[PDB]
Amino acid sequence: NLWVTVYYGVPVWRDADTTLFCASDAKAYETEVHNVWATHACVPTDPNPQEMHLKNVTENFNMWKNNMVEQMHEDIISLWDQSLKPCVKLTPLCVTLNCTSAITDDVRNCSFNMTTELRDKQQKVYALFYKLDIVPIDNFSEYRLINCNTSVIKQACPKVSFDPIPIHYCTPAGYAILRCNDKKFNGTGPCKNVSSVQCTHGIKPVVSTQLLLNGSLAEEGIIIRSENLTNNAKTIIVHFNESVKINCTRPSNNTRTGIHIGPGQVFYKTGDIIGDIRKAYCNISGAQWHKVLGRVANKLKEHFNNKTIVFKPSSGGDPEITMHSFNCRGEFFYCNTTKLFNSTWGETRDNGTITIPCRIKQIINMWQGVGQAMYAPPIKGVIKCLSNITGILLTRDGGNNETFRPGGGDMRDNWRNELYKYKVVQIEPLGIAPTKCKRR
Amino acid sequence: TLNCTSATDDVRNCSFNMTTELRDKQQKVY
Amino acid sequence: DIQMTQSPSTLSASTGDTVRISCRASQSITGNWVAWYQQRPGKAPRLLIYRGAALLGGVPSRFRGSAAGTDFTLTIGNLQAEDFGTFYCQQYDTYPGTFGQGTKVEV
Amino acid sequence: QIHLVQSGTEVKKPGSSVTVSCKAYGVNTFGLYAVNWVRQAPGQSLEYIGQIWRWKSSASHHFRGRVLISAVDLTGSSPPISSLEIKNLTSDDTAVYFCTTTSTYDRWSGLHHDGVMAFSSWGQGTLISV
Amino acid sequence: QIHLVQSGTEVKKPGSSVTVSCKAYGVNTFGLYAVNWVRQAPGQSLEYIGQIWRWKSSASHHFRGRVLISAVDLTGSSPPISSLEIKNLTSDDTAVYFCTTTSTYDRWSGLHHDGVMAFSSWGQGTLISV
Amino acid sequence: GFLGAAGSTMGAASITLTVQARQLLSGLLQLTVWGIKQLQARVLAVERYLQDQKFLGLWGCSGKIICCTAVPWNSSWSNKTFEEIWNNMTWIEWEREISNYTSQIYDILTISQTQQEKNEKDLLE
Amino acid sequence: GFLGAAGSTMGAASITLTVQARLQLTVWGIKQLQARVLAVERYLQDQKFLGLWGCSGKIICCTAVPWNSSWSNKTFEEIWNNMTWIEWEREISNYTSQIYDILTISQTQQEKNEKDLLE
Amino acid sequence: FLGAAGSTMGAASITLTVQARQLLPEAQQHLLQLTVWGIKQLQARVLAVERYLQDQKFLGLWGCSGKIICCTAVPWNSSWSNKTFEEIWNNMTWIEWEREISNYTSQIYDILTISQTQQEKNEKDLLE
Ligand SMILES: *[C@@H]1O[C@H](CO)[C@@H](O[C@@H]2O[C@H](CO)[C@@H](O[C@@H]3O[C@H](CO[C@H]4O[C@H](CO[C@H]5O[C@H](CO)[C@@H](O)[C@H](O)[C@@H]5O[C@H]5O[C@H](CO)[C@@H](O)[C@H](O)[C@@H]5O)[C@@H](O)[C@H](O[C@H]5O[C@H](CO)[C@@H](O)[C@H](O)[C@@H]5O)[C@@H]4O)[C@@H](O)[C@H](O[C@H]4O[C@H](CO)[C@@H](O)[C@H](O)[C@@H]4O[C@H]4O[C@H](CO)[C@@H](O)[C@H](O)[C@@H]4O[C@H]4O[C@H](CO)[C@@H](O)[C@H](O)[C@@H]4O)[C@@H]3O)[C@H](O)[C@H]2NC(C)=O)[C@H](O)[C@H]1NC(C)=O
Ligand SMILES: *[C@@H]1O[C@H](CO)[C@@H](O[C@@H]2O[C@H](CO)[C@@H](O[C@@H]3O[C@H](CO[C@H]4O[C@H](CO[C@H]5O[C@H](CO)[C@@H](O)[C@H](O)[C@@H]5O[C@H]5O[C@H](CO)[C@@H](O)[C@H](O)[C@@H]5O)[C@@H](O)[C@H](O)[C@@H]4O)[C@@H](O)[C@H](O[C@H]4O[C@H](CO)[C@@H](O)[C@H](O)[C@@H]4O[C@H]4O[C@H](CO)[C@@H](O)[C@H](O)[C@@H]4O[C@H]4O[C@H](CO)[C@@H](O)[C@H](O)[C@@H]4O)[C@@H]3O)[C@H](O)[C@H]2NC(C)=O)[C@H](O)[C@H]1NC(C)=O
Ligand SMILES: *[C@@H]1O[C@H](CO)[C@@H](O[C@@H]2O[C@H](CO)[C@@H](O[C@@H]3O[C@H](CO[C@H]4O[C@H](CO)[C@@H](O)[C@H](O)[C@@H]4O)[C@@H](O)[C@H](O[C@H]4O[C@H](CO)[C@@H](O)[C@H](O)[C@@H]4O[C@H]4O[C@H](CO)[C@@H](O)[C@H](O)[C@@H]4O)[C@@H]3O)[C@H](O)[C@H]2NC(C)=O)[C@H](O)[C@H]1NC(C)=O
Ligand SMILES: *[C@@H]1O[C@H](CO)[C@@H](O[C@@H]2O[C@H](CO)[C@@H](O[C@@H]3O[C@H](CO[C@H]4O[C@H](CO)[C@@H](O)[C@H](O)[C@@H]4O)[C@@H](O)[C@H](O[C@H]4O[C@H](CO)[C@@H](O)[C@H](O)[C@@H]4O[C@H]4O[C@H](CO)[C@@H](O)[C@H](O)[C@@H]4O)[C@@H]3O)[C@H](O)[C@H]2NC(C)=O)[C@H](O)[C@H]1NC(C)=O
Ligand SMILES: *[C@@H]1O[C@H](CO)[C@@H](O[C@@H]2O[C@H](CO)[C@@H](O[C@@H]3O[C@H](CO)[C@@H](O)[C@H](O)[C@@H]3O)[C@H](O)[C@H]2NC(C)=O)[C@H](O)[C@H]1NC(C)=O
Ligand SMILES: COc1cnc(-n2cnc(C)n2)c2[nH]cc(C(=O)C(=O)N3CCN(C(=O)c4ccccc4)CC3)c12
Ligand SMILES: *[C@@H]1O[C@H](CO)[C@@H](O)[C@H](O)[C@H]1NC(C)=O
Ligand SMILES: *[C@@H]1O[C@H](CO)[C@@H](O)[C@H](O)[C@H]1NC(C)=O
Ligand SMILES: *[C@@H]1O[C@H](CO)[C@@H](O)[C@H](O)[C@H]1NC(C)=O
Ligand SMILES: *[C@@H]1O[C@H](CO)[C@@H](O)[C@H](O)[C@H]1NC(C)=O
Ligand SMILES: *[C@@H]1O[C@H](CO)[C@@H](O)[C@H](O)[C@H]1NC(C)=O
Ligand SMILES: *[C@@H]1O[C@H](CO)[C@@H](O)[C@H](O)[C@H]1NC(C)=O
Ligand SMILES: *[C@@H]1O[C@H](CO)[C@@H](O)[C@H](O)[C@H]1NC(C)=O
Ligand SMILES: *[C@@H]1O[C@H](CO)[C@@H](O)[C@H](O)[C@H]1NC(C)=O
Ligand SMILES: *[C@@H]1O[C@H](CO)[C@@H](O)[C@H](O)[C@H]1NC(C)=O
Ligand SMILES: *[C@@H]1O[C@H](CO)[C@@H](O)[C@H](O)[C@H]1NC(C)=O
Ligand SMILES: *[C@@H]1O[C@H](CO)[C@@H](O)[C@H](O)[C@H]1NC(C)=O
Ligand SMILES: *[C@@H]1O[C@H](CO)[C@@H](O)[C@H](O)[C@H]1NC(C)=O
Ligand SMILES: *[C@@H]1O[C@H](CO)[C@@H](O)[C@H](O)[C@H]1NC(C)=O
Ligand SMILES: *[C@@H]1O[C@H](CO)[C@@H](O)[C@H](O)[C@H]1NC(C)=O
């Protein structure tokens with residue numbers, strides 16, 4: 001005769017959704033310079049990790065239903081908003097800018113009237129404005145800033161540093177995170193080597209548009225991950241075994257000068273370039289792009305019926321979708337990517353370093369399509385940044401060849417490569433079994 | 001100030017000046 | 001391996017009358033692993049109840065199931081013309097899956 | 001949504017082979033799904049043949065050594081496809097056939113149990129007579 | 001605030017009947033409050049005659065059958081009113097009388113216990129002599 | 001609360017049940033984005049432990065890993081014998097099998113504990 | 001805490017106690033957070049007392065403290081047969097602190113004596 | 001609560017009855033606000049709750065379950081300490097002792113857990 005017996009601590013789990021907090025590395029803040037990401041607030045500092053290898057257990061993983069990616073998108077949108085709430089409103093400067101109009105520079109020098117510290121008086125100021133920000137309104141023709149009909153602009157506070165640093169997402173007691181640990185893990189399917197991990201590996205919050213930078217490379221081969229390999233409206237994310245290196249610089253040094261637009265408010269304007277006027281560029285090695293591009297073509301061949309693969313330059317859109325976009329050191333850039341993504345594999349082998357032109361811009365708009373926007377203040381020194389590209393985002397063209405065009409930016413797709421292997425599963429400790437003992 | 005036609009929930013059709021998105025130029029709104 | 005039988009084998013009923021079709025298994029399905037089907041004439045069967053008494057989405061609520069040991073039953077209250085057809089009873093407990101003999105309900 | 005379509009009808013003679021293939025519009029992949037082959041009978045109850053579950057083919061004890069099962073999931077142009085082949089065809093094979101799928105993403109739902117599962121979405125069926 | 005007022009003095013004779021009514025100002029309802037009747041003989045100690053609590057009337061065994069207690073609550077024009085009528089009057093009935101009120105909204109205050117109470121507010125008096 | 005040793009059957013895992021407790025310790029004033037998440041996380045853990053300990057306490061086990069309860073086994077809840085329950089069925093599989101009779105089991109355990117409590121007072125007089 | 005059976009005499013209700021039981025900031029969200037802490041906090045408080053006296057999870061806990069008639073004067077039958085629980089707890093509401101202290105001291109004294117027996 | 005901490009271990013052990021007795025409070029008033037003072041109380045509540053829950057969590061795993069004097073059948077290894085009962089309980093305070101043996105608290109906790117779970121397993125065998 002069996003009798004009911006109760007156990008605490010049995011190995012059982014069910015899927016779940018929870019608030020996962022941020023934990024960061026030992027270094028406080030970011031070496032004492034405040035970040036947009038507020039890493040200093042989020043520092044339940046990371047202790048040595050414990051990982052247990054679940055043995056003989058198989059789990060099913062789908063990466064397009066993960067709630068971990070959805071939480072991150074919201075947290076990053078919010079951290080930027082809290083950072084720019086104290087900063088100056090640039091509403092005084094939505095006035096007619098009379099700029100001199102007519103190799104060529106993008107500067108377009110302009111003149112406008114602006115409010116002084118005393119409310120009654122006014123001043124006339126001159127600033128160098130990139131052609132990308134200013135839109136013609138219909139010598140010395142009138143112009144206006146791009147976001148004067150759809151958005152309120154707020155200057156970035158000068159000291160905050162947009163340096164992306166690793167953020168680890170950790171789970172409260174009673175919940176666990178599970179990592180797939182399987183080579184060439186297609187993202188969606190049954191997974192055999194699951195391990196129980198307390199907190200995610202560091203993810204750099206870097207947002208980029210056509211090429212994924214400073215990411216983590218895949219373990220054994222190039223992997224194509226997409227939500228519906230049949231739809232032409234779903235982006236294809238490619239992950240690379242090995243990295244290609246891109247170095248980007250703005251060669252000509254400029255000056256920043258500050259104008260007082262109100263009581264206590266300063267707008268920093270770009271100044272005349274000392275030294276030689278020069279154009280920004282990004283250097284990618286010719287041999288390396290071609291080898292890695294060649295491998296992406298073979299993988300695309302397998303899932304696409306062995307047709308020839310034609311890569312073409314991006315068709316149209318706002319500047320972000322058409323051009324590679326990234327922040328080098330507080331300065332957003334929008335480089336031309338046609339030389340990189342113009343070829344037919346199924347194969348240019350030119351091996352000379354490829355230099356792609358870059359045009360910078362200063363008024364940046366929220367990707368969601370919401371009304372608000374930001375202005376990024378000028379950076380005084382020459383800027384150089386070195387980076388590794390670990391992925392491409394490509395989207396297929398409308399129905400003997402398939403044409404793939406470079407892809408734009410949904411902030412989420414940047415991190416899907418990073419969080420494909422994690423699932424939060426709740427642990428239910430209690431259990432009842434039939435045993436032979438019998439005594440209350 | 002609203003310049004509303006008078007003796008001309010009724011409506012009293014009105015005229016006033018308003019600020020365009022540009023901080024200098026102004027419009028007339030009915 | 002296991003065998004299942006369903007009775008009443010053929011039934012007659014009018015609109016607005018409760019129907020009591022029962023299912024019996026040779027073994028004791030204590031895990032409540034039983035499913036119910038209802039196919040219209042010349043049509044593929046459709047799942048209606050799984051795990052004894054669980055309803056699928058987009059299905060009329062008049063279908064109800066009861067499960068207790070060996071006796072599995074399905075109750076159709078306030079019958080309509082759309083719900084006539086052939087009903088089935090299957091076990092998902094042990095390999096291979098098995099199906100009920102097959103019962104038809106007619107006007 | 002989910003929709004299943006199989007091949008057409010065939011009329012053949014004993015000592016031959018015939019295959020029917022189902023094309024599922026709505027199944028993202030067969031890794032977290034499963035295909036169950038069920039053969040209806042001319043007047044009798046439905047029967048079970050075999051399945052592909054985590055790309056592990058199997059068949060019932062009454063069809064072992066004859067029926068073969070294979071499947072290919074999402075491609076560039078085609079949806080997932082699963083196929084059944086009848087070898088050494090006989091008079092007893094004169095019945096309709098169905099290809100069926102049930103979801104396997106959550107263990108706790110109750111639509112599956114240790115590989116023996118229900119049949120959620122049913123195809124139209126292909127009458128085959130010999 | 002709370003204030004009680006009663007009738008004036010009366011000089012009666014045996015075999016008659018007299019009534020004393022107290023009107024309470026500041027008492028919202030007699031449902032929450034309770035009304036207790038006490039008579040003080042000159043020199044001698046105070047005594048308990050009767051009460052109306054939750055609209056139920058009662059009197060002490062000694063005074064039962066000779067005393068009537070009635071009450072009416074708020075009326076746009078008047079405050080809540082309670083009345084006592086002595087019947088079959090005798091010489092021993094010569095005393096001042098008081099009408100009192102105690103809060104009984106909450107049972108954890110200690111002023112009332114099961115219908116026996118400590119009278120918080122005491123009226124002025126209505127001397128009756130015969 | 002353990003993860004790991006989930007693949008093994010009851011007979012293997014139960015021996016290491018001791019180990020689950022054994023090896024290890026076992027088991028904000030800011031309105032920033034990270035700070036509020038931390039507040040919610042703290043409450044979630046405390047609340048969960050207390051719910052689990054409240055459920056354990058009512059049956060009178062009182063914070064012990066293996067608890068014997070004087071409740072006879074009902075053949076409606078299950079059929080399999082001790083060997084084929086404890087030799088080839090994992091804990092997740094079993095808890096999925098008997099997920100329709102957890103509420104009744106809990107109620108029976110609570111009623112049995114209350115009855116045992118009442119029967120004790122009588123002995124003491 | 002079973003409301004219901006609150007108008008019955010102590011003896012009857014005692015028999016029927018068979019079973020005991022069973023972020024964002026917005027106007028609603030803060031209220032929900034406060035409601036959670038209130039419950040956790042409350043449960044812990046009764047448990048802290050019970051455990052100090054040695055009860056530890058028993059609905060009915062027997063204690064060695066004797067009854068002093070300066071707390072009550074009535075007999076067992078008067079107290080149990082005709083007094084409801086809200087009447088008795090109001091009737092002895094002046095001697096709860098002393099009772100709590102006496103049970104705590106008695107539990108500690110029993111706790112100390114056992115160590116002596118074990119040597 | 002702390003008090004009379006200067007006495008030796010033996011002197012303060014017989015006064016542990018006073019420490020336990022007399023309610024061994026503030027911040028219990030519900031506010032539901034987000035002012036400067038409204039958040040500090042909200043955090044203090046959680047701090048107290050977590051501290052008490054952690055302490056009672058550690059206590060329970062060794063089979064004490066809310067008793068002040070918890071006896072355990074774990075032998076004393078001389079590596080943790082040399083001194084005898086008199087030298088421990090006659091001329092040493094609790095702070096002194098807990099600072100002396102602060103390198104062997106984790107091992108002591110682990111050994112107590114092993115002993116409790118092994119004793120728990122032994123009983124099930126006897127019952128069958
Ligand atoms: C919210 O909504 C609620 C529901 O709608 C509402 O609740 C109701 O409120 C109203 C008030 O607005 C309540 O109505 C009042 O109730 C009073 C209580 O009456 C009870 O008690 C008397 C007396 O009881 C003794 O006598 C009887 C009969 O002899 C015995 O059977 C008793 O056991 C008891 O005897 C014991 O006690 C004696 C001492 O008093 C001892 O001597 C004795 O030995 C015993 O120990 C009863 O008569 C009443 O019974 C009534 O009901 C029964 C059925 O159950 C009937 O059979 C019976 O005939 C009665 O109808 C009851 O038990 C009433 O006294 C009060 O009556 C006055 O008002 C009405 C009009 O409403 C008049 O018609 C009536 O004449 C009374 O007026 C007198 O008093 C006022 C006060 O100032 C005077 O101004 C007035 O002039 C008059 O005085 C004159 O006549 C007197 C003779 O009566 C005389 O003595 C005077 O000297 C003077 O000449 C009234 O009806 C009602 O009960 C509530 N109901 C409920 C369910 O709650 C609530 O108000 C609402 N809230 C708000 C804010 O609105
Ligand atoms: C994300 O990333 C993951 C990780 O990489 C990726 O996962 C991979 O997905 C692949 C699919 O894309 C998947 O590959 C398929 O695997 C299928 C399973 O193969 C196993 O089983 C078969 C059959 O097993 C039978 O038979 C053998 C030998 O007879 C026997 O030994 C077995 O025991 C078993 O017999 C049992 O059952 C019998 C009945 O079935 C019974 O009779 C027996 O008695 C016994 O009981 C084995 O042969 C295999 O070796 C495997 O063990 C596999 O079937 C499938 O093959 C098809 O595709 C190949 C190309 O990839 C072709 O080369 C092959 O011929 C198959 O193509 C046939 O089927 C399609 C379907 O329509 C048809 O269109 C074709 O024309 C062709 O049909 C023709 O030939 C067949 C005969 O073969 C005839 O019957 C037809 O009539 C036609 O004439 C795939 O190979 C891979 O396993 C999986 N990897 C992992 C690790 O999971 C995932 O896909 C990625 N996701 C995305 C979206 O990209
Ligand atoms: C990834 O993305 C791709 C592309 O978007 C997607 O593939 C498409 O999926 C949809 C389903 O969401 C498919 O639409 C269904 O297709 C079937 C099959 O039709 C075939 O045959 C016709 C005629 O020859 C062809 O034109 C067609 O292209 C197919 O080859 C249709 O039968 C379905 O019809 C239903 O929709 C009708 C409205 O259009 C409704 O009237 C009705 O609901 C139809 O279903 C009804 O049919 C039963 C009879 O059979 C009837 O009795 C029932 O009442 C039932 O309601 C439907 O149009 C589309 O074909 C797919 N296209 C391709 C190229 O694959 C993938 O699904 C997607 N993957 C994921 C995981 O989301
Ligand atoms: C609902 O709303 C109504 C209307 O607002 C309210 O009724 C009124 O209540 C107030 C109390 O809040 C009553 O004021 C008291 O009335 C009594 C009775 O006065 C009567 O007699 C006089 C003289 O003949 C008339 O003028 C009057 O109209 C009444 O007929 C007064 O005696 C009270 O006097 C106190 O106030 C004096 C200042 O005016 C102070 O000098 C002193 O505090 C008085 O109290 C003193 O009296 C004792 C002697 O008895 C003395 O020894 C003490 O020292 C004590 O201090 C007071 O004015 C008012 O009359 C009510 N009016 C009506 C029409 O009813 C209800 O109360 C309210 N209900 C609720 C539940 O809130
Ligand atoms: C054994 O337990 C399982 C899960 O606890 C039971 O399954 C559940 O059955 C109920 C029956 O009322 C389902 O509720 C219904 O859900 C449908 C879904 O559309 C809804 O439309 C109905 O109105 C009703 O709410 C519930 O969904 C279902 N749970 C799951 C996860 O499927 C099962 O019934 C139990 N076995 C027996 C024999 O009772
Ligand atoms: C810059 O866009 C905002 C502008 N302004 C605000 N504002 C907050 N308060 C107010 C008044 N505006 C914003 N809040 C959230 C914002 C975002 O998260 C957001 O969309 N991205 C931030 C991350 N990223 C970039 O770095 C970026 C990177 C490479 C190339 C081009 C742009 C993508 C877009 C946001
Ligand atoms: C700018 O302000 C000055 C006042 O000093 C005024 O003379 C001038 O006309 C203004 N500019 C324009 C374009 O009106
Ligand atoms: C633009 O040019 C001048 C600057 O020389 C500016 O002050 C004026 O507002 C504009 N004049 C026109 C109409 O060209
Ligand atoms: C899973 O990964 C671990 C470590 O990466 C490895 O030891 C183990 O062999 C892997 N599992 C399988 C089935 O290969
Ligand atoms: C990816 O890189 C590794 C080494 O980094 C190499 O062994 C492998 O062959 C590469 N992938 C392919 C598909 O060649
Ligand atoms: C470039 O310009 C900046 C700003 O004037 C200056 O600080 C820096 O020294 C310049 N660099 C060189 C190499 O002249
Ligand atoms: C980019 O910089 C690295 C390190 O400075 C260098 O090795 C690499 O060659 C550079 N890229 C090109 C295309 O020269
Ligand atoms: C690419 O650059 C990143 C920048 O931190 C570095 O971490 C990574 O190791 C580099 N990759 C290789 C292959 O060196
Ligand atoms: C259920 O238990 C009974 C014993 O009462 C036994 O005869 C029967 O075979 C069992 N059924 C199964 C499926 O084990
Ligand atoms: C589990 O049960 C099956 C049949 O009941 C039996 O063949 C198998 O041996 C059992 N598992 C083990 C590990 O013995
Ligand atoms: C009654 O006994 C208690 C303890 O048993 C004591 O504290 C109290 O003082 C005693 N009462 C009297 C009046 O002695
Ligand atoms: C109340 O206590 C006194 C002495 O303290 C005792 O004489 C009396 O009998 C008690 N009351 C009853 C009803 O027994
Ligand atoms: C309790 O006392 C009241 C009044 O003192 C009485 O009416 C009641 O009958 C008593 N209880 C019992 C059970 O007799
Ligand atoms: C001391 O003895 C215990 C046995 O009670 C043992 O577990 C521990 O490892 C020993 N200490 C050392 C340092 O070996
Ligand atoms: C503590 O130890 C020393 C050893 O030198 C001893 O002399 C002293 O008396 C001890 N303390 C007490 C209070 O006895």
# chains A, B, ... in the order shown; residues from 1 in each chain; ligands from 1
>>> residues_around(residues="range 106-118 of chain F", least_positions_apart="3", cutoff="6 Å", atoms="only C-alpha atoms", output="ChimeraX atom specification")
/F:59,103,121
>>> closest_atom_pairs(of="chain G", to="chain H", cutoff="12 Å", atoms="only C-alpha atoms", output="CSV")
residue,atom,partner,partner_atom,distance
G:25,CA,H:34,CA,9.4
G:26,CA,H:34,CA,10.9
G:27,CA,H:32,CA,9.9
G:28,CA,H:32,CA,10.8
G:29,CA,H:32,CA,10.6
G:30,CA,H:32,CA,7.1
G:31,CA,H:32,CA,6.6
G:32,CA,H:32,CA,9.7
G:33,CA,H:32,CA,8.8
G:34,CA,H:32,CA,6.3
G:35,CA,H:32,CA,9.2
G:36,CA,H:46,CA,11.0
G:37,CA,H:46,CA,7.8
G:38,CA,H:30,CA,8.0
G:39,CA,H:28,CA,11.5
G:40,CA,H:49,CA,8.3
G:41,CA,H:49,CA,7.3
G:42,CA,H:28,CA,9.5
G:43,CA,H:49,CA,11.0
G:44,CA,H:49,CA,8.5
G:45,CA,H:49,CA,10.4
G:47,CA,H:66,CA,10.1
G:48,CA,H:66,CA,8.8
G:49,CA,H:23,CA,8.4
G:50,CA,H:66,CA,9.6
G:51,CA,H:66,CA,5.8
G:52,CA,H:66,CA,6.7
G:53,CA,H:66,CA,9.3
G:54,CA,H:66,CA,7.5
G:55,CA,H:66,CA,9.5
G:56,CA,H:66,CA,7.5
G:57,CA,H:65,CA,10.4
G:97,CA,H:22,CA,9.1
G:98,CA,H:22,CA,9.4
G:99,CA,H:22,CA,11.0
G:100,CA,H:22,CA,8.5
G:101,CA,H:22,CA,5.9
G:102,CA,H:21,CA,8.5
G:103,CA,H:21,CA,9.0
G:104,CA,H:21,CA,5.7
G:105,CA,H:21,CA,5.8
G:106,CA,H:17,CA,9.5
G:107,CA,H:67,CA,9.3
G:108,CA,H:17,CA,6.0
G:109,CA,H:17,CA,7.5
G:110,CA,H:69,CA,10.7
G:111,CA,H:69,CA,6.9
G:112,CA,H:69,CA,7.4
G:113,CA,H:69,CA,10.5
G:114,CA,H:69,CA,9.5
G:115,CA,H:71,CA,8.0
G:116,CA,H:69,CA,11.5
G:118,CA,H:71,CA,9.3
G:119,CA,H:71,CA,11.1
>>> residues_around(residues="residue 2 in chain B", least_positions_apart="4", cutoff="10 Å", atoms="only C-alpha atoms", output="list in words")
residues 13, 14, 15, 16, 17 and 30 of chain B
>>> write_last_selection(atoms="N, CA and C atoms", output="mmCIF file, in the first residue's frame")
data_model
loop_
_atom_site.group_PDB
_atom_site.id
_atom_site.type_symbol
_atom_site.label_atom_id
_atom_site.label_comp_id
_atom_site.auth_asym_id
_atom_site.auth_seq_id
_atom_site.Cartn_x
_atom_site.Cartn_y
_atom_site.Cartn_z
ATOM 1 N N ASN B 13 -18.404 83.218 -35.552
ATOM 2 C CA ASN B 13 -17.239 83.028 -36.410
ATOM 3 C C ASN B 13 -16.135 84.024 -36.069
ATOM 4 N N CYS B 14 -14.783 83.524 -35.729
ATOM 5 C CA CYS B 14 -13.683 84.331 -35.191
ATOM 6 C C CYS B 14 -12.428 84.401 -36.013
ATOM 7 N N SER B 15 -11.642 85.462 -35.846
ATOM 8 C CA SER B 15 -10.361 85.560 -36.533
ATOM 9 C C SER B 15 -9.250 85.859 -35.569
ATOM 10 N N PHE B 16 -8.176 85.091 -35.618
ATOM 11 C CA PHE B 16 -7.051 85.307 -34.738
ATOM 12 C C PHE B 16 -5.731 84.994 -35.400
ATOM 13 N N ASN B 17 -4.637 85.502 -34.858
ATOM 14 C CA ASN B 17 -3.318 85.249 -35.413
ATOM 15 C C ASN B 17 -2.695 84.090 -34.706
ATOM 16 N N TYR B 30 -9.187 80.958 -39.002
ATOM 17 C CA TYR B 30 -10.621 81.107 -38.798
ATOM 18 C C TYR B 30 -11.157 79.837 -38.152
#
>>> residues_around(residues="residue 101 in chain H", least_positions_apart="6", cutoff="12 Å", atoms="only C-alpha atoms", output="PyMOL selection string")
chain H and resi 78-83+88+94-95+107-108
>>> residues_near_ligand(ligand="ligand 13", cutoff="7 Å", atoms="only C-alpha atoms and all ligand atoms", output="PyMOL selection string")
chain A and resi 214+242-243+387-388
>>> residues_near_ligand(ligand="ligand 7", cutoff="12 Å", atoms="only C-alpha atoms and all ligand atoms", output="list in words")
residues 95, 96, 97, 98, 99, 110, 111, 112, 113, 114, 115, 116, 120, 121, 122, 123, 124, 125, 126, 140, 141, 142 and 143 of chain A; 24 and 25 of chain B
>>> residues_near_ligand(ligand="ligand 12", cutoff="7 Å", atoms="only C-alpha atoms and all ligand atoms", output="short mmCIF file (atom, residue, chain, number, x, y, z; two decimals) with N, CA and C atoms, in the first residue's frame")
data_model
loop_
_atom_site.label_atom_id
_atom_site.label_comp_id
_atom_site.auth_asym_id
_atom_site.auth_seq_id
_atom_site.Cartn_x
_atom_site.Cartn_y
_atom_site.Cartn_z
N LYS A 245 37.34 43.54 -40.74
CA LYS A 245 37.59 44.76 -39.96
C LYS A 245 37.40 46.05 -40.72
N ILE A 246 36.64 46.98 -40.15
CA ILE A 246 36.37 48.26 -40.80
C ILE A 246 36.89 49.38 -39.91
N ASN A 247 37.67 50.30 -40.47
CA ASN A 247 38.24 51.40 -39.70
C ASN A 247 37.69 52.67 -40.25
N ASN A 283 37.50 52.06 -44.32
CA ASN A 283 38.40 51.15 -45.01
C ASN A 283 38.03 49.72 -44.64
N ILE A 284 37.75 48.88 -45.64
CA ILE A 284 37.40 47.45 -45.41
C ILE A 284 38.37 46.67 -46.29
N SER A 285 38.93 45.56 -45.84
CA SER A 285 39.89 44.92 -46.74
C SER A 285 39.21 44.21 -47.87
N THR A 353 42.15 47.56 -50.97
CA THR A 353 41.34 48.04 -49.87
C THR A 353 40.23 48.87 -50.43
N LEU A 386 37.79 51.78 -34.65
CA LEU A 386 38.11 50.51 -35.28
C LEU A 386 37.11 49.45 -34.87
#
